[PDB]
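Geometric and topological summary
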Amino acid sequence: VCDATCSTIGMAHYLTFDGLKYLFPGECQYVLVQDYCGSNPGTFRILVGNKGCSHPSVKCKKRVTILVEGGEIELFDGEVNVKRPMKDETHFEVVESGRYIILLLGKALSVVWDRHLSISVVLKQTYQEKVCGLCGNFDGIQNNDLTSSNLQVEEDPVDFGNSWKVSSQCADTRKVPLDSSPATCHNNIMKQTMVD
Amino acid sequence: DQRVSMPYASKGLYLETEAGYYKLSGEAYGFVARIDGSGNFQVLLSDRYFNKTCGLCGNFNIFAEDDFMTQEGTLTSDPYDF
Amino acid sequence: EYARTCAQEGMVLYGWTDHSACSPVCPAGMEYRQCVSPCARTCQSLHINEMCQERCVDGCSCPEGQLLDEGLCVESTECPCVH
Ligand SMILES: *[C@@H]1O[C@H](CO)[C@@H](O)[C@H](O)[C@H]1NC(C)=O
Ligand SMILES: [Ca+2]
Ligand SMILES: [Ca+2]
């Protein structure tokens, strides 16, 4: 079995490990992936947080707080910042090579960041159904990646990610009426072809 | 003019409730407003706006006194025409 | 007002409303604490910690148990689910 890879393709989309694109425009802070899931120790708690990102635009700068080995290293506005260094510094590593910030954290964890929006965490064979979050459980089964925090499969992803917000009193996002044309391309069929 | 529900998070302004009292945070823009049950406006604002902001809550300077500088710019003794 | 104006300066005061015979108004179930955390552990919440290192804020909140659920304090045993 190979090494899986989340992603954040654009402002509001998410590609799970097993492979499931879905739409979730949010504006609160959300658990992208973690290990403290049900009956496990809880080593790492990668999070993600967006501001002004329900409608994609030149707005929507992302913020990412990754919590491994009792640490707090986080990143936004181009650079990476350490708010609390972690104990076993041996595994830590930062490779600012090219357009990316490759960032190792252990034997079986890695993170990639294009300095703008993308978040591609890479995990190894070690876990195999030990994680959960917006990226799912990493089990091979591709249609159980919508198991919410309350331990049930949902069908509508906009109710899924609302289960994974950290602040349980911020605003949960709104069920958008479904359509093939977003706001600007709504009733602008000219522009909708120049984009296609 | 359209009445919205609450909470609400558009345009980088999280309109929440904290401790049973309503809040309007704008940390991107540098302010935190709130109201209580009786009605008591409050505005927490970044040091940033030092020798800067000017309004009905005065300039964020040090001098407690000089902080009646009208919309023209005039130190007035009266706290009312200001 | 005098209570908060001293709190903001870096020196908070405690229990002044015990004998003052005036407590600020709040809805049912809650009354005015002093220096409660903003990250109120509510019912439909995720048990995550040490992200809410924010400063301490005054305002009314629930009793020791009696978790929050939709603007009212309710006992932890009766936490609902959502779907
Ligand atoms: C405030 O700005 C004015 C005009 O630039 C300057 O003359 C003055 O020294 C400043 N005072 C303080 C306290 O920074
Ligand atoms: Ca799965
Ligand atoms: Ca002043």
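For chain C, the name recorded in the PDB entry is von Willebrand antigen 2, with Homo sapiens as its organism.

For chain B, the PDB entry supplies the name von Willebrand antigen 2 and the organism Homo sapiens.

Remarks on the sheet that holds strand β8 (residues 79–84) of chain A
Residue and element names in this part refer to chain A. Taken together, five strands build an open sheet; the order of strands is β4-β5-β6-β7-β8 and the sheet is antiparallel. The sheet is open, and its two edges are formed by β4 (29–30) and β8, each paired on a single side. Note: strand β7 (residues 72–76) against β8, five bridges, orientation antiparallel. Note that in β8 the partner of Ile73 across the bridge is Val82.

Observations regarding the nonpolar core
Ranked by internal contacts, the top residues of the largest apolar core, which has 44 residues, are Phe17(A), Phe44(A), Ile46(A), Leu105(A), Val121(A), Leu123(A) and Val131(A). When near neighbours in sequence (up to four residues on either side) are disregarded, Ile46(A) contacts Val31(A), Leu32(A), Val33(A), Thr65(A), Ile66(A), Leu67(A), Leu109(A), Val111(A) and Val121(A). Counting residues in each nonpolar core, the second largest holds six residues, with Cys26(C), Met30(C), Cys60(C) and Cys62(C) among its members.

Some words on the coordination of the calcium ion (ligand 3)
Residues and elements named next belong to chain B. Here the calcium ion (ligand 3) is held by the protein donor atoms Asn61 (OD1), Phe63 (O) and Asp67 (OD), which lie 2.2 to 3.1 Å from it. All donors of the calcium ion (ligand 3) belong to a single chain; written as a sequence motif, their spacing is N-x1-F-x3-D. For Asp67, a relative accessible area of 22% corresponds to the partly exposed category.

Side note on the interface of chain B and chain C
Taken together, the eight residues of chain B in the interface contact twelve residues of chain C. Of the roughly 720 Å² buried between chain B and chain C on both sides combined, carbon and sulfur atoms contribute 52%. Ranking the residues of chain B by area buried against chain C places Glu18(B), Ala19(B) and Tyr21(B) at the top, with a combined share of 51%. The interface formed by chain B and chain C contains zero salt bridges. Looking at side-chain class alone, the side of chain B that touches chain C contains two nonpolar, four polar and two charged residues.

Thresholds, definitions, all that
Residues numbered from 1 in each chain as written, not as in the entry; some residues may be left out. Chains lettered and ligands numbered in written order. Part of a larger assembly, values for the part shown. Heavy atoms only, no water. Residues with missing side-chain atoms left out of burial classes, pairs and counts. Pairing = 2+ DSSP bridges. Helix = DSSP H or I, 4+ residues; strand = E, 2+ residues; numbered from the N terminus. Core = buried A, V, L, I, M, F, W, Y, C linked by side-chain atoms within 4.5 Å. Buried < 20%, exposed > 50% of the residue type's maximum accessible area, 1.4 Å probe, protein only. Contact = heavy atoms within 4.5 Å. Donors = N, O, S within 2.8 Å, 3.2 Å for Na, K, Ca; no water. Buried area = accessible area lost by both parts, 1.4 Å probe. Salt bridge = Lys/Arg side-chain N within 4 Å of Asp/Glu carboxyl O. Nonpolar A, V, L, I, M, F, W, Y, C, P; charged D, E, K, R; others polar.

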